[PDB]
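Each remark here refers to the structure printed beneath this line.
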Ligand code: NA
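Chains as they are written, first to last, in the authors' numbering: chain B, 2 to 467; chain F, 1 to 467; chain E, 1 to 467; chain C, 2 to 467.
This is the structure in structure tokens:
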């Protein structure tokens with residue numbers, strides 16, 4: 002330790018002392034930004050998750066507070082002319098929160114609800130999510146209150162070009178590599194890359210989510226679903242004494258890209274997917290979905306945009322249960338993978354799953370499991386894999402896109418998948434060891450919180466706390 | 001001509017009631033974008049209401065005004081520094097680069113614990129039109145930090161200033177953004193920040209104003225605001241009071257800082273007598289006026305000894321002190337009132353006394369000294385009010401002259417700087433009158449200053465394609 | 001002294017016949033390098049022939065001249081932009097950076113469908129020596145696009161200007177290349193391009209001239225070329241016609257644009273009487289001359305209504321109109337002819353009438369107005385011809401004064417700019433006479449302008465190592 | 002040959018003629034820098050070592066003289082404030098000696114003895130040492146007369162930040178990549194990286210020796226000691242007819258990272274390390290150090306900062322000999338590894354090792370063996386592995402750190418170790434082949450000098466001698 006003298010708070014502390022210090026830190030965050038509700042909530046949640054670390058050494062709470070101030074925030078006017086010839090002014094943002102582990106990394110959101118508080122909350126959390134990938138990536142977030150909905154393609158191009166005319170000044174392949182998010186998909190990434198390239202007169206990996214013809218990476222559509230299965234597989238080996246997906250009945254909720262590619266990789270590991278779901282209900286195959294059946298489901302949902310119920314016209318064994326969740330299926334379920342939406346698995350759902358024998362839950366979606374549902378799982382000793390780690394496959398592959406751009410070499414699909422699998426392996430071990438080191442063995446949720454923070458905190462001190 | 005007409009949705013003349021509703025719509029839009037920036041919202045409201053005569057001629061100006069209210073760029077940044085105890089401190093730094101249509105972003109830096117984005121946006125937005133009025137090619141901006149200089153050692157201020165400029169230097173430059181001093185940022189801080197900027201940039205340029213005259217600074221900088229106030233009132237007296245001047249005028253001055261002191265000196269130069277100075281303890285009064293020698297004595301008490309104005313009674317047998325009273329209460333005739341102390345220092349009752357005491361004109365040395373009720377009293381009495389937005393702009397005008405001297409790599413004599421400052425205030429006073437007359441508020445110099453400052457920016461913004 | 005002698009293969013004096021063959025070999029070399037650039041080849045040929053007296057004293061000047069004929073840098077670029085219908089349009093943009101020996105590249109931008117590299121190289125090459133003649137530290141350049149502004153909306157011109165400057169900004173700068181206006185690039189386009197340059201560079205500098213006075217522009221810009229023409233002719237009359245002046249002179253002016261209008265204004269200031277203006281439709285004639293009040297009316301018709309000169313007869317009871325005739329046909333005594341309309345507007349037949357009507361001097365406001373046959377007639381008649389390369393350089397002279405004001409961050413009064421323009425034209429007229437006298441072509445101001453412009457560049461090129 | 006016309010001296014020359022030309026070159030160097038004793042001595046030693054090359058073509062002597070002038074030297078004021086609040090001014094340096102093969106590369110030294118002569122001497126040799134690694138790296142060296150002794154962590158932080166505030170202007174990932182040296186370890190690299198990152202607003206490999214959490218490489222602490230053992234192992238196989246470290250008693254001098262990890266790799270190859278030494282004396286184990294014993298010694302020297310005599314408290318069989326060198330130990334020695342300091346092995350010590358049966362010497366430190374000692378070994382037929390190649394493992398791994406940074410990909414420890422071993426293998430072959438090509442067969446010292454020089458000399462001419 003070469004930075005000990007810099008910190009006012011140091012040494013061990015009791016749980017009650019840490020609770021008081023956390024509340025003091027929260028009040029300090031509030032006084033600095035009294036009306037940033039989302040950011041304040043995010044700081045409070047992450048701080049509470051790190052209480053075991055703060056008890057061992059109070060310096061970590063100070064570092065946490067120091068990390069809570071963005072290194073740089075750029076807000077800028079974005080003038081653009083709509084198709085009617087009228088000048089429009091929108092607000093643009095790039096929160097460059099932390100660059101300790103690498104260049105600022107995080108998506109861009111174009112949505113009318115976007116403001117500084119929301120981007121700070123997402124950007125702050127992205128620091129530790131990117132940390133967990135093991136890759137050299139910092140944390141950031143940006144976007145605009147520009148609303149793409151109802152706008153023509155030309156209007157989106159006009160906005161993307163004017164937005165990037167300013168953003169290019171603050172980003173770069175070794176500085177800040179933004180990505181997509183709500184309102185920023187392939188269309189917007191492409192428009193922004195063209196403008197960035199024209200202004201910079203350079204072809205670099207300054208954005209991720211690019212098309213494979215010009216710097217993009219394979220496995221991007223599959224990354225999140227595959228990464229979820231990888232993480233759960235490695236947790237089963239590392240925390241369930243050599244257990245595996247093999248022979249496991251896998252109940253999957255959702256019918257989107259995450260659920261589809263999660264089911265494929267489960268079958269690759271010898272598991273049996275038995276359910277898919279949408280807002281209309283869930284479908285169930287007693288003997289599981291084959292890959293060929295998953296392929297049929299993909300075209301119905303992706304091309305025909307149909308409901309899951311249409312699948313029964315293709316399988317004679319398929320059953321459809323209207324207005325029910327996948328957790329209601331009357332069979333034994335060994336693994337539950339919520340891959341649909343937030344708070345989709347509640348206390349009642351968790352109780353059913355425990356009664357049906359599920360040994361582990363993997364969060365494919367964002368915050369799928371309610372806090373009450375988590376409590377039942379902890380009592381039942383059912384492992385919960387946190388989404389911040391289990392669904393990090395997308396950001397992991399965004400880092401692999403940077404590697405390919407830095408190497409000016411496009412990897413084969415097999416190679417990208419191999420490194421994604423290695424990333425989830427190292428991430429799962431880091432979460433387990435972190436939980437064990439702080440005497441919350443098996444609490445992967447705590448392990449993910451600790452592992453992400455500590456790599457940033459220690460690197461911050463290595464670099465002189467600047 | 002008009003090459004940007006097609007870009008604006010609102011256009012054409014509008015009635016007074018219609019303009020009132022449109023302004024209210026504009027305010028609501030500003031509120032939704034920044035719902036809790038109280039100071040910025042009110043600043044937008046005040047300036048918008050002051051421009052209603054313009055909006056009635058063409059609603060396009062309201063849309064331009066709304067467009068100008070969004071900063072071109074805001075940079076907020078972490079400022080880590082180590083205090084004398086060896087402990088790491090983190091403060092928030094800001095630079096609001098609001099508008100650069102007329103020139104590089106220009107505006108002071110404030111180091112005070114109350115600093116936040118709303119306050120800096122309010123000051124920076126207003127700085128656009130203040131700098132416009134100087135006739136010089138300067139934009140508008142404002143920055144600073146919630147760093148609290150109170151209780152800090154010189155070394156800690158040095159450490160913070162160097163870390164603050166380590167990030168700020170990346171966003172400023174002699175042709176880009178030229179910051180200056182403000183509350184908490186004086187000669188000490190400007191010097192510390194200039195040293196760091198020079199070291200990192202490996203260049204010697206006019207990237208800050210307020211520099212010492214030994215390395216790029218300008219003469220007349222301490223005197224600029226007080227002199228400029230007297231110049232402006234002098235020119236208004238000539239043009240709107242039929243050749244009147246400061247000659248023979250009894251001038252009640254509030255405040256005892258640099259603005260009040262150098263305004264007093266210039267009043268004497270123009271043949272008037274300053275009769276009062278004041279601070280929080282009260283006001284002092286000389287029935288036959290303060291001489292330049294007496295003003296110098298009072299300066300030493302306030303600037304070196306940091307004493308109260310009452311101390312002056314030890315030096316003058318004729319001086320009278322009135323505790324806990326404002327200078328407007330002085331029991332004598334007052335022809336010119338120059339509020340140079342603080343906001344809302346001249347209220348409705350004060351305006352009424354001054355009218356009865358023979359006041360013909362008010363020159364605002366401080367910011368918003370005269371309350372709205374006081375302004376109504378003066379307009380009914382036909383007492384001219386010279387708005388602070390123009391009358392106290394002498395300081396920023398000389399900061400622009402500092403930039404000119406740096407760009408020319410030539411230090412002007414004090415006489416040359418003083419002449420150009422006087423010429424600036426002359427053209428500014430004429431622009432305010434002409435704007436007021438053109439929009440049928442003849443003699444309303446408050447409206448004229450609002451209009452003249454806004455229109456030069458709005459028209460140049462359209463010339464440049466509204467980018 | 002001479003430190004670059006060893007670098008040149010050709011050196012020493014040569015006979016007139018030897019120079020003729022050397023010039024042809026130089027021309028053949030230029031043709032082989034650019035065989036189809038007709039305008040550039042002819043421009044090189046004309047200037048080379050005008051410099052034959054110099055080449056005879058030392059053939060190295062021919063080698064220097066040939067070296068100068070290759071641009072230091074030419075940038076051609078695609079300009080994609082979206083029209084009001086939403087359709088992608090691609091035009092070609094150019095910037096010919098011909099020579100920077102005396103200072104940053106300087107020259108206008110032309111937006112016209114006929115624009116190509118040959119035309120821009122011809123104009124840019126001549127711009128080197130024209131800017132040289134102003135005495136100011138300016139190089140030579142030219143740029144533009146085949147974009148056709150006619151039929152385009154203001155918004156479409158804005159889109160093109162912004163896309164055009166998005167690439168051009170990468171190659172220009174206040175100390176590198178300062179473009180200006182030309183055909184198709186006026187106040188609208190300069191403003192649009194300035195906005196885009198400012199946003200991308202994040203700086204406020206004098207990287208374009210022709211700006212509006214509210215943001216870095218200069219007074220006297222509209223009047224500069226017309227005023228400069230009259231200044232130049234006035235000095236030539238004093239120096240070569242034994243103290244003669246514009247006083248009492250009847251001046252036939254061709255054209256009705258800004259050059260002719262402000263030339264007429266300055267003639268009246270000097271006591272002259274302008275008697276004609278002309279258009280594509282014909283010419284108008286006032287027997288007793290146009291007063292400034294009358295010129296003001298013509299300005300409104302031509303600049304605001306953009307009507308033809310025949311409209312003037314509705315306002316003057318004495319005005320006469322002659323369709324399909326040039327102003328030189330006017331039936332009266334003519335003492336001064338000022339062609340300010342177009343190339344080859346004054347032919348041999350026109351010159352003979354003007355001599356018969358008593359013309360003592362011709363001043364070229366336009367470019368190449370006088371045909372080669374017409375020049376011979378005037379030389380035989382001993383009527384002085386003031387070359388356009390010097391006489392119409394007032395515009396570029398003031399563009400240089402705009403750069404000085406930007407570099408100084410100080411706007412000059414109109415009086416100061418006018419005084420400096422007049423002094424420039426005085427030194428230029430002296431430079432042309434002295435250069436002509438030194439090479440034994442006394443009184444040939446056309447050759448004097450060629451020689452004086454070339455030599456300052458040629459000598460400085462050698463000072464700088466011929467790089 | 003496209004640069005022949007540029008050189009005044011050319012063609013073959015007799016041995017006596019080469020000696021006269023070398024002496025003129027030395028005098029020319031002296032007149033240019035009459036008081037830079039170390040630099041003059043370094044130029045003289047290398048020039049004499051390259052005499053066989055100069056005899057084949059005198060242009061090489063002219064190239065060598067041309068290389069002796071640095072491309073660029075930046076010396077600069079370094080102002081910083083100590084913990085008492087007092088302004089201190091130190092001198093900073095960066096000698097950017099040659100960039101023919103790649104960006105300037107070399108360590109930074111913070112020590113009160115530092116001056117221009119020492120840095121030119123170290124930087125000049127660094128050119129050819131880096132050449133031998135086969136990696137695309139130039140040569141340089143820098144530092145300051147700042148004395149870390151007696152300074153607090155914060156004072157070192159203050160100096161490092163001010164030092165990098167100027168240095169950052171002259172370095173970069175493709176221009177100059179500094180590294181550590183005496184007085185510049187993990188603490189200083191971390192502090193300087195933090196300052197460089199903040200000022201440049203970028204995350205790149207502009208320093209090596211970084212921590213693996215942010216751009217660092219595995220095997221970096223072990224690289225020089227491991228590389229020394231790899232090199233000697235290959236020389237034993239190639240020049241001692243298939244011999245190896247197995248069963249060899251290895252006397253190691255020094256107790257720093259080089260000596261510790263050299264002992265570690267010796268044990269991997271079946272050898273027996275018997276001694277360690279420091280300024281206080283040397284310790285001796287009759288039956289050798291095990292890895293557990295080396296692990297204890299590492300903790301004493303690296304954490305406790307104690308003298309080697311402390312080891313006797315943990316091993317009953319260890320012996321301590323005050324104020325004596327490890328070469329005096331009374332036993333048979335098969336391999337000598339001087340890994341402590343310059344001129345640590347003198348003529349008398351070499352005589353003892355020959356008497357005790359030493360068959361090969363591996364130079365871990367810089368210039369460890371005196372010229373008199375080298376003569377003893379050459380007469381005795383004891384092979385000397387030159388430090389210029391044998392201790393280049395550290396700079397080799399610093400090049401692998403650069404590759405990983407340029408690839409934005411962290412290699413496994415196994416991958417780094419194999420590439421280090423392959424580099425040392427090719428280097429040992431290059432030294433033998435170069436010595437053979439210039440008819441000094443078996444003179445590995447001469448071979449290392451020739452192989453490093455020729456790649457730079459030929460590449461310099463390829464690039465127009467600019
Ligand atoms: Na790379």
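Even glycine gets a Cβ: it sits at the ideal position worked out from N, Cα and C.
CA nearest to the CA of residue i, picked from the options
i, options, result
"residue 275 of chain C", "C:241, C:247, C:332", "C:332"
"residue 116 of chain C", "C:145, C:361, C:198, C:101", "C:145"
"residue 106 of chain F", "F:182, F:293, F:163, F:147", "F:182"
"residue 400 of chain C", "C:75, C:49, C:133", "C:133"
"residue 142 of chain C", "C:135, C:125, C:103", "C:125"
"residue 417 of chain E", "E:460, E:337, E:220", "E:220"
7 Å Cβ cutoff met for residue i and residue j
i, j, result
"residue 91 of chain F", "residue 225 of chain F", "no"
"residue 334 of chain C", "residue 357 of chain C", "yes"
"residue 327 of chain C", "residue 283 of chain C", "yes"
"residue 271 of chain E", "residue 247 of chain E", "yes"
"residue 206 of chain E", "residue 464 of chain F", "no"
Proximal residues to residue i (C-beta, below 6 Å), its chain only, five neighbours per side dropped
i, result
"residue 262 of chain F", "223, 226, 227"
"residue 71 of chain B", "96, 98"
Proximal residues to residue i (C-beta, below 7 Å), its chain only, five neighbours per side dropped
i, result
"residue 118 of chain E", "37, 38, 39, 40"
Residues near residue i by beta carbon distance below 8 Å, same chain, minus five either side
i, result
"residue 240 of chain C", "384, 433, 443, 445"
Chain-ordered residues, beta carbon under 5 Å from a heavy atom of the ligand NA = B:407, C:407
ask   = On the three-pair Cβ rule with 8 Å, is the stretch 327-345 of chain B touching the stretch 247-257 of chain B?
value = yes
request  = Check whether the stretch 67-87 of chain E touches the stretch 152-168 of chain E, counting contact only when three or more Cβ pairs, one atom from each stretch, lie closer than 8 Å.
outcome  = yes
inquiry  = Taking 8 Å as the cut-off, does the stretch 43-53 of chain B touch the stretch 446-458 of chain B (at least 3 CB pairs, one atom from each stretch)?
reply    = yes
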